[PDB]
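1. so I pulled this structure from the PDB, and the sequence comes with it:
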Amino acid sequence: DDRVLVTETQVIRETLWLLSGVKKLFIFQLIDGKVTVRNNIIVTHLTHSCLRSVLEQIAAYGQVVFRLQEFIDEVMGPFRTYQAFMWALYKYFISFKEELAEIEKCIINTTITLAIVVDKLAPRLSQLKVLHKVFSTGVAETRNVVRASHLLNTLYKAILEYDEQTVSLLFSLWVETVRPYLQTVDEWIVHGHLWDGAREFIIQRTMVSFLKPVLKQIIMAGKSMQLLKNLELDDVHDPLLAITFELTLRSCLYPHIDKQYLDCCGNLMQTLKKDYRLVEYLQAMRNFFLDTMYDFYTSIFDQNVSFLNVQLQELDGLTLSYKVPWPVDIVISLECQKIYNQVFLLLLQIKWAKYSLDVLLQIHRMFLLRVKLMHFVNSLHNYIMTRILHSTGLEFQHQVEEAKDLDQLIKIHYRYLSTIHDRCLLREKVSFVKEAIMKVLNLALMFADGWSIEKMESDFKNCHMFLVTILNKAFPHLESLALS
Amino acid sequence: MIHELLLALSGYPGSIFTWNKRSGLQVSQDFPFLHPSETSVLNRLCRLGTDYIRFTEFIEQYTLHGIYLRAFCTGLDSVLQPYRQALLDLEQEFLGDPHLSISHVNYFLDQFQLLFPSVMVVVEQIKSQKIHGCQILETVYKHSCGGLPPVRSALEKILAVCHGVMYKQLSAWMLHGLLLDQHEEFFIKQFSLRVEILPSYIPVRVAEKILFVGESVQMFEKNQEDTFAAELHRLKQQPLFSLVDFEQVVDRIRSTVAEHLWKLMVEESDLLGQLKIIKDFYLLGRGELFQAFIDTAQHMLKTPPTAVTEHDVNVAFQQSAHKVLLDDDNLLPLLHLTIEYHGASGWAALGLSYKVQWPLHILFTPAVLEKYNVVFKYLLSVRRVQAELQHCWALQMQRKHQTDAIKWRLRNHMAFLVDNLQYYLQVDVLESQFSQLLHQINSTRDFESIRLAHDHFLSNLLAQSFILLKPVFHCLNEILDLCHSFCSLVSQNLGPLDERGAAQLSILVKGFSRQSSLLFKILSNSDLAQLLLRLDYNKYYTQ
């Protein structure tokens, strides 16, 4: 078997070339993207086999640097994230190849052999092994939004495992890879629009936990900014590094993204006070129903759909609606009108019975049935209007005046109807409790027209006792009327 | 052949030095160029190479998981560094002089034949017993007390870098309230403590100190932050773990947070006011309120309890607080009486719970707030029987207009003296123990004392009031329900005890007087204060 019998120093220059990132070498001739040592290489010493052993280890390192060079090649020859990743990866080799070319200088111009260049390259062959595992998760994968999210999330996970020179590498490799997101996030905030390419961002107008703990403050600031125009963040994170790594350290980035948010949401609410006002639009809504409406209903006591309109502009129907502009349309939604209409219908029936039994002025036996009834309806009316329709109303106004958000203003509002529809018993338990109050209201209609008498108290004393013996189950706020 | 060997000792086996997966590095067979004797010294030398290969293979494999295993291998390369370096030099000398022989290799590597075979078993114990977590910081320490100086100077380095992990986590927790861990390595896992993983040389005393200084931050949600970071970092530079110094940095941190916590626990959050609320209602401090509540909510509790009585009393208690001309919408809805129903007289299940606020949530746990309830159950009973008993007296004098009816007061007064003065030693164990609890507060600036002074104050009440002492508590209990029968007997009628009442009257005196003297033998530590009052006129002395 013939062999080439290469000299000694030649091998080192080969390895320096291979680790540099070139191809077509007399040694380490790759075949299928996998570098492999030749078979006829031999030195005067090392019995032709140890050489195949020592080269095999360096060959394993060539694979790590050849595959990466193939990756950078397939990017040069608008993803805007891999470009930010390769530029970080490529930036490492330049600071690394200088350490290689420098060694070759001391070869042409001190003795140097194999066992010396390897030990001299220990803090490099260590840092290189990490990349073979970090990049292995960025090559094993089809959509552009899953290939970039899964990559950027692998870094933030791989650093927390390493929490020193290896951490300085991954960190400097991280910042240059999150630069695209940190740009569009800032750009979306101040410029009020999301400028994405190939739907790279996760919000396609499956999530990286990097920015999750503050994500809610982003979207609620982005969309809020877009509704304002119709009426350098990365250069901040880096200076923070100048003045406990990436977990508490990252917890100091958000003050840059949170105070910026606080101005935006505080700006929309500020301009919403006048100029598409809301506080005067909201109060008048709950004012034109729930005086003015006194004369309106009295005309209905003594029909036509146009007759009421001229009256308003001056058994269970009368659907009322309102006109809402666009800046407030999102607050007072369409399904919000019905709830406001719901409580308006029921409220009038109480005003009806209360006014029907009050407008007028065994013969006198009817009066003992008047006070026994006029008081009861008067008691219920004092419960709905005063201790419900004015308690939550007094609290609601004290809450809206501290609105600091587009979203929470909907919640504080939606937490006003869905509770006022519960205290006023209209949602559930209707055929169990509410019907009792409904059927006794028919006594306010029958007794009003007639102006049989003994057969009313037998019914009245029954249904009223039926009312208390049913409501006795008391959920807790019902006791404010249970006294009578 | 020399450069051939110096690679075999590096981790690269060849034709001359074959490699076997079980035995290790060894020479193949005889060779003409080598002397037939030198094959032995090589085989003795290869005992050094087999270690380094099995070392670096384990180091790369990283195998089990955990930071304390990652750091061990990270440090294991540091002690191995002089071996690599001292091998590079052998190339230098041999390159110069062409006459050296293998015997010179044996002289240079003498110490390494002594360092590896001992540190090897340290690795073998790990891979053979699944030593996971902080238990490594003891397994390596139990072998650090060896006799060989180099071995002692080697493992101490590994322990010096392995402590860097704990020192990283320890400082991250004692000042940021969170523990950076995802594999349950730290000895902390409402948090708790771990003992089956806690180090050996670390005492439990400081372990308790750590568990408190951290939870006091996580619950709590300047210059006292950075300076301690420099202290913790300083210990990481120490090449020898000195427990005598580990405590001087922990205790100062402990005293500072405790001093800071005491400031809030008393000054900003008024504990004295809250304790004043507890003494009044739990311990019947405001007895004038409970006599009216008992006066009203009486008939609705002698009947067995049902699902409705729970609300039938909360309104009565509310009717009571206004009936004593006390008006305060604060702390009035915070008191909610409970009825232990469905898991029997109604009084036996009565109780009072307290929805504590946020700051005192740490001082008043459901445990300590439960022992308070037991005192309220018992102290109310004595109050119930006393108020009931005196009403009978309020009727005897009211019954002034039988030679046997006079036996009533001759028993009533006896039942009175034993019971009325029994409510004494109560106003003199409450107003004495409480007066110490309030004094231990305004004395020590530390907060740790309060958690112990208050805890000891509570244990005394259970001990002083004979609640825990079973024999006396099971004899006086018979005296309690005894008066219920007697007082009822006088109230269930308005005439002389003739219709089998006298026949029932003489029943209890045969038991009461027996129960009376039975207690007397029990008393004959703390009973001296009680027995002195009953024995002032020496009536029991003649008994």
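-> Here it is on my side, so go on. Numbers count the residues shown, from 1 in each chain, chains lettered A, B, ... in the order given.
2. how much space between the closest residue to chain B within the stretch 301-450 of chain A and residue A:384?
-> Of all residues in the stretch 301-450 of chain A, the one sitting closest to chain B is residue A:391 (15.6 Å; CB to the nearest CB). (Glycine included, C-beta is placed from N, CA and C.) As judged by CB to CB, to the nearest Å, residue A:391 and residue A:384 stand 11 Å apart.
3. between these two, which one's more packed in?
-> The residue with more neighbours, out of residue A:391 and residue A:384 and counting by other CB atoms under 10 Å in any protein chain shown, is residue A:384; that gives 20 against 13.
4. now do the contacts for the nearest residue to that one once chain neighbours are set aside.
-> Spatial nearest neighbour of residue A:384, excluding adjacent residues (CB to CB, 6 or more residues apart in numbering or on different chains): residue A:424 at 6.0 Å. Counting by CB atoms under 8 Å, 6 or more residues apart in numbering or on different chains, residue A:424 touches A:343, A:346, A:384, A:388-389.
5. name only those of the residues you listed that count as buried.
-> Listed as buried from those are A:343, A:346, A:384, A:388-389; burial here means 16 or more other CB atoms under 10 Å in any protein chain shown.
6. got the residues of chain A near chain B?
-> For chain A, the residues in contact with chain B (CB under 8 Å from any CB of the partner chain) are A:45-50, A:53-54, A:57, A:111, A:113, A:115-116, A:119, A:163, A:244, A:247-248.
7. which among those count as buried?
-> Buried members of the residues of chain A next to chain B, scored by 16+ other CB under 10 Å, are A:46, A:48-50, A:53-54, A:115-116.
8. quick one, domains of chain B?
-> Domain segmentation of chain B under automatic domain parsing yields B:62-260, B:271-350, B:365-429+B:465-542.
9. would you tell me which of the ones you listed gets closest to residue A:472?
-> Evaluated with CB to CB, those place domain B:271-350 nearest to residue A:472, the distance being 9.6 Å.
10. quick check: end-to-end length of that closest one?
-> 27 Å (CA to CA, to the nearest Å).
11. distance between that domain and the chain's centre?
-> Computed by CA atoms, centre = their mean, to the nearest Å, the chain-centroid distance of domain B:271-350 equals 33 Å.
12. helices along the stretch 101-250 of chain A, start to end?
-> For the stretch 101-250 of chain A, the helices defined by DSSP state H, counting those that start in this stretch cover A:114-120, A:122-134, A:144-160, A:166-190, A:212-229, A:234-242.
13. so of the buried ones among the contacts of residue A:424, which ones are in helices?
-> A:343, A:346, A:384 (DSSP state H).
14. adding distance to residue A:171, write the residues you listed out as CSV.
-> Converted to CSV, these look like this (distance: CB to CB, whole Å):
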residue, distance to residue A:171
A:343, 59
A:346, 64
A:384, 63
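15. in the stretch 1-150 of chain B, which spans are helices?
-> B:2-8, B:39-61, B:67-96, B:102-108, B:112-129, B:136-142, B:149-176.
16. mind saving the C-alpha coords of the first one as CSV?
-> Right, the one you point to is helix B:2-8. The C-alpha trace of helix B:2-8 is given here as CSV (Å, rounded to 0.1, in the frame of the first residue of the first chain):
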residue,chain,number,x,y,z
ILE,B,2,8.5,9.2,22.0
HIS,B,3,6.1,11.6,20.2
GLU,B,4,4.0,8.5,19.5
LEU,B,5,3.7,7.9,23.3
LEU,B,6,3.1,11.5,24.2
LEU,B,7,0.0,11.4,22.0
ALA,B,8,-1.1,8.1,23.5
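17. okay if I get the contacts of residue A:424 as TSV plus distance to residue A:220?
-> Shown next, in TSV, are the contacts of residue A:424 (distance: CB to CB, whole Å):
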residue	distance to residue A:220
A:343	30
A:346	36
A:384	36
A:388	32
A:389	31
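18. ok, and what's touching stretch B:303-318?
-> Contacts of stretch B:303-318 (CB under 8 Å, 6+ apart): B:293, B:296-297, B:300-301, B:332, B:335-339, B:341, B:344-346, B:349-350.
19. buried ones among those?
-> Looks like these have B:293, B:297, B:301, B:335, B:337, B:339, B:346, B:349-350 buried, using 16+ other CB under 10 Å.
20. just the ones in strands from those residues, please.
-> B:335, B:337, B:339, B:350 (DSSP state E).
21. so which bits of the stretch 1-150 of chain B are right by chain A?
-> Checking the stretch 1-150 of chain B against chain A by CB under 8 Å from any CB, the hits are B:1, B:3-4, B:6-8, B:10, B:12-16, B:84, B:87-88, B:91, B:95.
22. which of the residues you listed count as buried?
-> Going by neighbour count (16+ other CB under 10 Å), the residues of the stretch 1-150 of chain B next to chain A have B:3-4, B:6-8, B:10, B:12-14, B:16, B:84, B:87-88, B:91 buried.
23. ok, these vs residue A:396, which is closest?
-> residue B:84 (75.8 Å).
24. which element is the residue nearest to residue A:300 when sequence neighbours are not counted on?
-> In this structure, residue A:300 finds its nearest non-sequential neighbour in residue A:308, 7.5 Å apart by CB to CB, 6+ apart. Taking DSSP states H and E as the criterion, residue A:308 maps to helix A:307-313.
25. in the helix or strand just after that helix, what counts as buried?
-> Per DSSP H and E, the first helix or strand lying C-terminal to helix A:307-313 is helix A:326-329. Buried residues in helix A:326-329, counted by 16+ other CB under 10 Å: residue A:327.
26. how many neighbours does residue B:216 have?
-> 18.
27. does any bit of the one helix or strand it maps to sit next to chain A?
-> Using DSSP H and E, residue B:216 sits within helix B:204-218. No: under the criterion of CB under 8 Å from any CB, chain A is not reached by helix B:204-218; the shortest gap measures 13.3 Å.
28. hey, C-alpha coordinates of stretch A:42-51 in CSV?
-> Only the C-alpha atoms of stretch A:42-51 are listed here, as CSV (Å, rounded to 0.1, in the frame of the first residue of the first chain):
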residue,chain,number,x,y,z
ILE,A,42,1.6,9.3,6.9
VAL,A,43,4.5,11.0,8.8
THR,A,44,7.9,9.5,9.7
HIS,A,45,6.4,8.9,13.2
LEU,A,46,2.9,8.3,14.6
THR,A,47,2.7,4.9,12.9
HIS,A,48,0.1,6.0,10.3
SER,A,49,-2.8,5.3,12.6
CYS,A,50,-2.6,7.9,15.4
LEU,A,51,-2.5,10.5,12.6
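29. and the residue of the stretch 1-150 of chain A nearest chain B?
-> Closest contact between the stretch 1-150 of chain A and chain B, by CB to the nearest CB, is at residue A:50 (3.6 Å).
30. report the contact partners of that residue.
-> Applying CB under 8 Å, 6+ apart, the residues contacting residue A:50 are B:4, B:7-8, B:12-15.
31. how close does the nearest residue to it once chain neighbours are set aside get to residue A:114?
-> Nearest residue to residue A:50, sequence neighbours excluded (CB to CB, 6+ apart): residue B:14, at 3.6 Å. Separation of residue B:14 from residue A:114 (CB to CB): 13 Å.
32. residue A:41 now?
-> 13 Å.
33. between the two, point out the one with more neighbours.
-> residue A:114 (24 against 18).
34. how about residue 66, what does it touch?
-> Went with chain A since none was named. A:21, A:23, A:30, A:33, A:35.
35. correction: the question concerned chain B.
-> B:132-133, B:183, B:185.
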